[PDB]
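Chains A and B are the protein sequences, given in the same order.
Mapping of the first sequence onto my numbering: position 48 corresponds to residue 28, and the numbering continues sequentially without gaps.
Mapping of the second sequence onto my numbering: position 78 corresponds to residue 58, and the numbering continues sequentially without gaps.
The structure under discussion appears below in the form of structure tokens.
There are 2 protein chains.
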Amino acid sequence: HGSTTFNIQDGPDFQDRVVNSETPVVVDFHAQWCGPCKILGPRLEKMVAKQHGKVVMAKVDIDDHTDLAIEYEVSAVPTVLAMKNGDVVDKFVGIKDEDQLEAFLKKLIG
Amino acid sequence: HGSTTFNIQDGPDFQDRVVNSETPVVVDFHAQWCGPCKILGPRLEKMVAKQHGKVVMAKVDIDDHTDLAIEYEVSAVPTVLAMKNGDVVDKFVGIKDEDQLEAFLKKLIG
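Here you go:
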């Protein structure tokens, strides 16, 4: 699909848009009961969008995607994984501000 | 309805077995991706079971029951709420050992 930011809909959708992505990906594990996700989520989303295809953001609602949180050993939300060619290359938990997200994205993109 | 320990199945099951409970209730909010819930869960279930109906334990899987987590402002798991006559009277987050769980239940029960 056209957008660099998207909700993961299922396991195949994850395999295709994350594992098989040809660009680096930020996977944002969140949930509707997690207050801090409501700050982080839109923040990162906007900054990912500004990169115009150099990075993509897969949003994963943990409640709809329990398997995925198990596979990635997510124990709290928000968790954001940086992924490349199918593997995890960086991670953080909790909120980060704009400068920190910018640094996180530059480290991933180059 | 003979067990003092039970999984909450839906909204009405919650209003009936927790809000409308005649006994003190320990509500355990857990998920399959949360490691520490696998220590706490069985430990607390066993200790509640030993009380033979002076308290009950309502288990709430947060992924099957997002709504309850939103209502009770659960921000992380494990979160355990103590409830009586439909109100929240105590709370803790994370694992506790048997001495702590034992004090917690004596404070609740009396």
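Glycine is no exception: its CB is placed at the ideal position from the N, C-alpha and C atoms.
Burial state of B/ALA83 (16 or more Cβ within 10 Å): exposed
Opening and closing residue of the alpha helix (DSSP H) in which A/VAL28 lies: 17 to 30
Three or more beta-carbon pairs under 8 Å between the stretch 5 to 24 of chain B and the stretch 62 to 71 of chain A, yes or no? no
Check whether the Cβ atoms of A/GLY21 and A/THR(-16) sit closer than 7 Å, and answer yes or no. no
Within 7 Å (strictly less), CB to CB, does B/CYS14 reach chain A? yes
For a contact defined as C-beta to C-beta under 8 Å, what are the partners of A/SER1 on chain B? Result: empty, since nearest Cβ-Cβ is about 23 Å, beyond 8 Å.
Mind checking who B/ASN(-13) pairs with in its DSSP beta bridge? B/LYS39
Can you check whether the C-beta of A/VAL54 is within less than 7 Å of a C-beta belonging to chain B? yes
Where does B/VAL(-2) sit, in a helix, a strand or coil, going by DSSP? helix
Report buried or exposed for A/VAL(-1), applying the criterion of at least 16 other Cβ atoms within 10 angstroms of its Cβ. exposed
Would you kindly check if the distance between the Cβ of B/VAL40 and the Cβ of B/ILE75 is under 7 Å? no
Determine the burial state of B/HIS(-19): buried for a count of at least 16 other Cβ atoms within 10 Å of its Cβ, exposed for fewer. exposed
Tell me, which residues are paired with A/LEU61 by DSSP? A/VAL7, A/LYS71
What is the C-beta distance between B/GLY(-9) and B/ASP47, in whole angstroms, given that I count them as a contact (C-beta under 8 Å)? 7 Å
With 16 as the cutoff for other CB atoms within 10 Å, does B/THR59 come out buried or exposed? buried
According to DSSP, is B/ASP47 helix, strand or coil? helix
7 Å Cβ cutoff met for A/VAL73 and A/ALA56: yes
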